[PDB]
Structure formats: C-alpha cells, structure tokens
Amino acid sequence: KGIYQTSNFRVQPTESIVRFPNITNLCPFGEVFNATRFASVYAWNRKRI
Amino acid sequence: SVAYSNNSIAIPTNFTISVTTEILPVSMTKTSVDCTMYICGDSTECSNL
Ligand SMILES: *[C@@H]1O[C@H](CO)[C@@H](O[C@@H]2O[C@H](CO)[C@@H](O)[C@H](O)[C@H]2NC(C)=O)[C@H](O)[C@H]1NC(C)=O
Ligand SMILES: CCCCCCCCCCCCCCCCCC(=O)O
Ligand SMILES: *[C@@H]1O[C@H](CO)[C@@H](O)[C@H](O)[C@H]1NC(C)=O
C-alpha cells in the first residue's frame, strides 16, 4: 500500500521525415576516380567537391 | 575588567524584555530523477545499452 514513482510520460513519434538540400547533380566520380592523368605524390592534387 | 572584590556584589535594578530571532532550516526540495531520460533521453539504443 502506498504511492510509487514510475517512468515519466513518454510520447512516441508518429512519422519519420528527412530534410536534405535541393541537390540534383551527381558527384564527379568519373572526373576523380577515372581521371586520365593522376598527380605525383609530392604534388598531390586537391579538388573541391 | 569586572571590578572583582571579595565583599562586593553587583545587583541589577532594572530589566529589558528582549526578542531575538533564530532561523532554522527544516526541509529542502524533493527531487526525482528519471534515469532513462537523463542518460538516454528518447533513444532506444541507449536504453538497451
Ligand atoms: C527601567 O527601564 C525603563 C526602560 O528604559 C525605564 O522606563 C523609561 O523611563 C524614562 C524616564 O522615566 C522614560 O522617559 C521612558 O519613556 C521610559 N521607557 C519606557 C519604555 O517606558 C524606567 O524608568 C527604568 N526604571 C528605573 C527604576 O530605572
Ligand atoms: C567524386 C567524389 C565524391 C565525394 C563524396 C564524399 C562523401 C563520402 C562518401 C563515400 C564516397 C566514396 C565511397 C567509395 C566506395 C567504395 C565501394 C567499395 O567498397 O567497393
Ligand atoms: C573511364 O575513362 C575511360 C577513358 O576515357 C573510358 O573509356 C571509360 O568508359 C571511363 N569509365 C567510366 C566509368 O567513366
């Protein structure tokens, strides 16, 4: 006989959403992994993606 | 320096009624902790671990 604490009142999620930026192009995998010429290791090439 | 002598006494001829405060703590706040919401709040994998 008495009063007992329990877990706090939980509310479960109803659905899942995904928010990504409006991006259409594919990344240059052919330009990076299938390039005709590759740089030397002392002058390694850095490309911004 | 109390004027001590072997045959001298000091006797009050009047009085003062004095009221003073004393402040005592009695209780503090009762707190409860949900462990799952503190450590692993709304995460099922953390609760399973
Ligand atoms: C005992 O002490 C009280 C309190 O200090 C004295 O009462 C005061 O007496 C003076 C002079 O008569 C008055 O101006 C004050 O208004 C009195 N104060 C209060 C609160 O009544 C009292 O006279 C003292 N008695 C003796 C015999 O010394
Ligand atoms: C053209 C480069 C695009 C840059 C993308 C950076 C984001 C990181 C995602 C991973 C991309 C490379 C994954 C390599 C694929 C390995 C496949 C395999 O195991 O055979
Ligand atoms: C890689 O480059 C070569 C030479 O340009 C080409 O023949 C080949 O089709 C390319 N492969 C891909 C997957 O782009």
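Going from the start of the chain as shown, residues are counted 1 onward.
Method of determination (from the header): electron microscopy, 2.3 Å.
Cβ atoms here come from the backbone N, Cα and C positions, even for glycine.
Swiss-Prot lists B:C40-B:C46 with the feature disulfide bond. The N-linked glycosylation site annotation in Swiss-Prot covers B:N6, B:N14, and the record cites experimental evidence as its basis.
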Message: Give me the CA-CA distance between B:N6 (N-linked glycosylation site) and B:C40 (disulfide bond), in Å, as a whole number.
response: 79
- prompt: Out of these disulfide-bonded residues, B:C40, B:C46, which one has the fewest other C-beta atoms within 10 Å of its own C-beta?
  reply: B:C46
Statement: By a three-class reduction of DSSP, B:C46 (disulfide bond) is assigned helix
Task: Report the same-chain neighbours of B:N14 (N-linked glycosylation site): residues 6+ apart in sequence with Cβ closer than 8 Å to its Cβ, ordered by sequence.
output: none
- request: Count the other Cβ atoms sitting within 10 Å of the Cβ of B:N6 (N-linked glycosylation site), across every protein chain shown.
  value: 4
Query: With respect to ligand 1, which members of the recorded positions B:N6, B:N14, B:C40 satisfy a Cβ distance under 6 angstroms to one of its atoms?
result: B:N14
Query: In terms of DSSP three-state secondary structure, what is the assignment for B:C40 (disulfide bond)?
result: helix
